[PDB]
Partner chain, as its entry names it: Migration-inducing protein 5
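Read the single chain below, which is given as structure tokens and is the form deposited without its partner chain.
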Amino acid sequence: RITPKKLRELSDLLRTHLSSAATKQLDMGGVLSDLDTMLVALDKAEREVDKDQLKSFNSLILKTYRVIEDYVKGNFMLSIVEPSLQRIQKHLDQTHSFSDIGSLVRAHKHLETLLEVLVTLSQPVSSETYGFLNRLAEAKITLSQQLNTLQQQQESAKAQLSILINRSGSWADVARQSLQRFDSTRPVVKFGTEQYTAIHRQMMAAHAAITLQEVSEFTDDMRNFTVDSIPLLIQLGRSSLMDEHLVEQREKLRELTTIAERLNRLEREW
């Protein structure tokens, strides 16, 4: 597990490279090799450190790539480019979820930078350099494509979330209130059949029946709601997404789903 300590240590490395760049002493193989380690770390960290500190670290990384670009505006292949390329190439054979988008975005920026550095460094260009530039570019663009597909799927998922939440307005407040009243006034369930609990058990049935009539006109909608909402919730997951609009919407959808499912189950029980 990535610790606050290790995150600080990685940030100290970035700051060292940044101060180096300011004195025109940037160790290019060093900053690139260190950046790669940080991509692996941040991928992990995000999945499980103050989110505060995680945001600052993503931004320090962006500052560092910015400095690399300015540095180049104004063996390496074998030991620096090649291992990073090979690691990222592994993403291109993996099944992705929405939670991967951030890390694929970062990996793409990383390949772009490797390419930029290699181009500048070689422009006397060898056949071998051209072959590596090809491989790097084919990887980068394959990643771009897989990433675009994933982002489009996410756009569609967010659109469906909005539509579901918006359509739910026809039943949601009345169903929530009706379920609240159920839960607030619910008699104890009795497990026996003794005559002395017959009144309690008739109370159970009568109380259920009030709630079922309040939501009787919504039962189809709530059932069709959950057919759509459950798979979408699984696709959206439970991790921090700080598109904090998205996390708010997601948890609205989850609440609406529990209401619908409770009321769907209650109707089948009675």
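Note that the rigid core is defined as the largest set of C-alphas that superpose within 1.5 Å between two forms. Residue numbers count along the first chain shown, from 1.
Q: According to the PDB entry, how many deposited residues between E244 and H245 are absent from the model (none, 1 to 3, 4 to 9, 10 or more)?
A: The entry has no gap there; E244 and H245 are joined directly.
Q: Between residues given as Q123 and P124, how many of the deposited sequence are not built: none, 1 to 3, 4 to 9, or 10 or more?
A: Unmodelled stretch: 1 to 3 residues, a short break.
Q: Can you tell me which stretch has the higher mean Cα B-factor, 152 to 160 or 94 to 102?
A: Here the higher of the two C-alpha B-factor means belongs to 94 to 102.
Q: Of 105 to 113 and 129 to 137, which one has the bigger average CA B-factor?
A: Of 105 to 113 and 129 to 137, the stretch with the higher C-alpha B-factor average is 105 to 113.
Q: Between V67, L54, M203, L60, let me know which has the highest C-alpha B-factor in the entry?
A: Within the set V67, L54, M203, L60, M203 shows the top C-alpha B-factor.
Q: Considering every modelled residue of the chain and its Cα B-factor in the PDB entry, is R238 in the lowest, middle or highest third?
A: CA B-factor rank for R238: lowest third.
Q: Splitting the chain's C-alpha B-factors into thirds, which one does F191 fall into?
A: It belongs to the lowest third of the chain when residues are ordered by C-alpha B-factor.
Q: Hey, what third does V40 fall into on Cα B-factor, ranked over its chain?
A: Middle third by C-alpha B-factor.
Q: Would you mind ranking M222 by its C-alpha B-factor against the rest of the chain and naming the third, lowest, middle or highest?
A: Middle third, going by the recorded CA B-factors of the chain.
Q: With respect to C-alpha B-factor, does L26 fall in the lowest, middle or highest third of the chain as deposited?
A: According to the entry, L26 has a C-alpha B-factor in the chain's highest third.
FYI, the form solved in complex with its partner chain isn't displayed, but the following is about it.
Q: Which is the contacting stretch out of 151 to 159, 168 to 176, 77 to 85, 138 to 146, given heavy atoms within 4.5 Å of its partner chain in the entry with it bound?
A: Contact-bearing stretch, as computed: 138 to 146.
Q: Mark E116 yes when one of its heavy atoms lies within 4.5 Å of a heavy atom of its partner chain in the entry with it bound, and no otherwise.
A: Yes - in the entry with it bound, heavy atoms of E116 and its partner chain come within 4.5 Å of each other.
Q: How about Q123 - does it come within 4.5 Å of its partner chain in the entry with it bound, if we only consider non-hydrogen atoms?
A: Contact check for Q123: yes, within 4.5 Å of its partner chain in the entry with it bound.
Q: How about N134: is it within 4.5 Å of its partner chain in the entry with it bound, going by heavy atoms?
A: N134: contacts its partner chain in the entry with it bound.
Q: Taking heavy atoms only, is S127 within 4.5 angstroms of its partner chain in the entry with it bound?
A: Yes.
Q: Which is the one residue in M28, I61, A208, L39 whose C-alpha moves 2 Å or more between this form and the one not shown, relative to the superposed rigid core?
A: After core superposition, the one over threshold is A208.
Q: With both forms fit on the core, has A175 moved 2 Å or more by CA between this form and the one not shown?
A: Passes the 2 Å threshold, so yes.
Q: Taking the rigid core as the frame, does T257 move its C-alpha by 2 Å or more between this form and the one not shown?
A: For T257, whose C-alpha is compared between this form and the one not shown after core superposition, the shift is 2 Å or more.
Q: Relative to what's shown here, the Cα pair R8 and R238 differs by 3 Å or more in the entry with it bound. Does it come closer or drift farther?
A: Note: Cα gap between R8 and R238 widens in the entry with it bound.
Q: Which way does the C-alpha gap of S239 and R8 go in the entry with it bound, closer or farther, given it changes by 3 angstroms or more?
A: They are farther apart; the C-alpha distance rises by 3 Å or more in the entry with it bound.
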